[PDB]
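What follows is a single structure, written as structure tokens, with notes after it.
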Amino acid sequence: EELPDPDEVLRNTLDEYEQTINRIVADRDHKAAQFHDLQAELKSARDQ
């Protein structure tokens, strides 16, 4: 699948892709952590 953007962008941005993937994985795990904490809080709230 071709892209119209210049390869001058692509060659450099290849490097930032790996770091962005690393950031995205950590952010996803982070958000899952808040989800778990918040659903535990919701369970407690429903009990009370």
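In the authors' numbering, the protein residues as written are 294 to 341. Where is the CB? At the ideal position from N, CA and C, for every residue including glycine.
Other residues of its chain near residue i: CB distance less than 8 Å, five sequence neighbours each side excluded
| i | result |
| --- | --- |
| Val302 | none |
Close beta carbons around residue i, own chain, < 7 Å, minus the five adjacent residues each side
| i | result |
| --- | --- |
| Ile317 | none |
Spatial neighbours of residue i in its chain, beta-carbon cut-off 6 Å, leaving aside the 5 residues before and after
| i | result |
| --- | --- |
| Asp330 | none |
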